[PDB]
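Encoded as structure tokens, the following chain is the form deposited in one PDB entry, with no partner shown.
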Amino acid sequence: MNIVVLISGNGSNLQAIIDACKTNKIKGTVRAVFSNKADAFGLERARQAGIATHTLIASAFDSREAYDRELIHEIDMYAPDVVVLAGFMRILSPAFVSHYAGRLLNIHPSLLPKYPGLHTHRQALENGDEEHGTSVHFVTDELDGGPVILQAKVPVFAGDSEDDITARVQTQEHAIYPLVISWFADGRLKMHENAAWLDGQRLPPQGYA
């Protein structure tokens, strides 16, 4: 089972995934890590793990379509069974989403449908929500509109800073992402009729309950 991970920054989720393959919780391997930022430390994590790395700079391309095309061309050298977005700060084109339909995953730092887009933690905190979390879902063209597979809620108390809750959510992300990937790896997770299904059963709008 071949996994290709796409990142943009630190890659703590990438690390959790790497560790899960190592323990075999996930019966597969991370074949490659792609980044749109040369600096991403995640690349360094993959490097140290003997995993291949690649970098595609948006400037070197003259259109989003041209960029994803070279992305698809590159990612495919590894014959991935699933493409995983772990902190990938770049919106993917419909062509790309199409090419990996049903095998493209992402983990959004909020309790979807709440706060699609960037700056989740802040909104959650500035709006005064008593509950925050993360959501792993199948990627569709709709910015975080795809079928939610699993969420991990997290209590928000007075006094918690943006970083406090962020580190709290992160801890959950490291737990549910590798898990969702393992479900996928065992052919227990699929998507059709634009819905997420676990063990053959349809999952609710907010993921496995």
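What we label the rigid core is the largest C-alpha set whose atoms superpose within 1.5 Å from one form to the other. Position 1 is the first residue in the sequence shown; the rest follow in order.
Absent from the display: the form deposited in another entry. The rest refers to it.
Trainee: Once you overlay the rigid core, does the Cα of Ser161 travel 2 Å or further between the shown form and the other one?
Mentor: Yes; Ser161 is a residue whose C-alpha shifts (by 2 Å or more) between the shown form and the other one when the cores are overlaid.
Trainee: Is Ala52 one of the residues whose C-alpha moves 2 Å or more between the shown form and the other one after the core fit?
Mentor: No; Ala52 is a residue whose C-alpha shifts by less than 2 Å between the shown form and the other one when the cores are overlaid.
Trainee: For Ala175, is the C-alpha shift between the shown form and the other one 2 Å or more after core superposition?
Mentor: For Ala175, whose C-alpha is compared between the shown form and the other one after core superposition, the shift is less than 2 Å.
Trainee: Could you tell me whether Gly159 and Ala175 have their C-alpha atoms closer or farther apart in the other form than in the shown form, knowing the shift is 3 angstroms or more?
Mentor: The answer is closer, because the C-alphas of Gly159 and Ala175 approach each other in the other form by 3 Å or more.
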